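Heads up, the chain below is alone and in the form deposited in one PDB entry; it's given as structure tokens.
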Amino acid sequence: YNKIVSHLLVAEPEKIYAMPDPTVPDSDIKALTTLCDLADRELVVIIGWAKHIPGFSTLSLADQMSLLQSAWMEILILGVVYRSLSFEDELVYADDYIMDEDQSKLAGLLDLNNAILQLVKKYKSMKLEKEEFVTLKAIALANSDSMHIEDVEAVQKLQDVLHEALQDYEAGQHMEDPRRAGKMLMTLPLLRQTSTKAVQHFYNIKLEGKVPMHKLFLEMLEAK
């Protein structure tokens, strides 16, 4: 089928471990530290992945940064959503960090994780494929609505290249549902809503000053 889709598949990064500190007693502070630490190392891996997206690295450095600073949380959330598709009421942040409802309550994340679980429920019934996940991830990046884009036309062309790939993939692979591509695009609003709430939540955590955060994660929180 589609080459952009095959290319995004081979560019998909390897999963990384959360590695919660086994010597630290369980608390909300430990869980939030673990999660922000994981997100920080995933953000490095995300920056490297985006350079494989056709056309992304030919944008100016400021434009590459604007897109990432708008989309980082959507990309992170789509990741845990996809890793969670075969589970039931659990969120697979990492193979060694799977959160159930009780752990979400203790971390103060019950409402945010419930919204992530709603994204999971929708993608399960739609039988979301890996091919579709990596394409939506790239589209989320290109369609992130940064207020600060220099070359608007070039960003809009990146959006069109990825949308075409999604259309081409669905036309060849899902002839039983000629509207599957649009259904996939219609999942993006709930992803944007959940990411908007998540960024504000962790920005509040940053202001309370009880959870240490690393440099890149703080940079992504401050850009917003």
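Definition used throughout: the rigid core is the maximal C-alpha set that superposes within 1.5 Å between two forms. Residue numbers run from 1 along the displayed sequence.
- The stretch that moves more in 9 other deposited structures of this protein, judged by CA deviation after a rigid core superposition and choosing between 64-72 and 22-30, is 22-30.
- Legend: mean Cα B-factor per stretch from the PDB entry, 122-130 versus 76-84; the higher mean is in 122-130.
- For the pair 98-106 and 135-143, the record assigns the higher mean C-alpha temperature factor to 98-106.
- Annotation for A154: C-alpha temperature factor in the highest third relative to the rest of the modelled chain, per the entry.
- In this PDB entry, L112 carries a Cα temperature factor that places it within the highest third of its chain's modelled residues.
- When the modelled residues of the chain are ordered by their C-alpha B factor, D63 lands in the highest third.
- Residue-level temperature factors show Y17 in the lowest third of its chain, judged at the C-alpha atom.
- Among the modelled residues of its chain, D160 has a C-alpha B-factor that falls in the lowest third, as given in the PDB entry.
One more form of this protein should be noted, the form solved in complex with a partner chain, which is absent from this view; the next part is about it.
- Using a 4.5 Å cutoff between non-hydrogen atoms, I29 does not count as a contact of its partner chain in the bound PDB entry.
- Its partner chain is not drawn, but in the bound PDB entry it has no heavy atom within 4.5 Å of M175.
- In the bound PDB entry, none of the heavy atoms of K15 sits within 4.5 Å of a heavy atom of its partner chain.
- Using a 4.5 Å cutoff between non-hydrogen atoms, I205 does not count as a contact of its partner chain in the bound PDB entry.
- Contact with its partner chain in the bound PDB entry holds for all three of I47, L61 and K215, each having a heavy atom within 4.5 Å.
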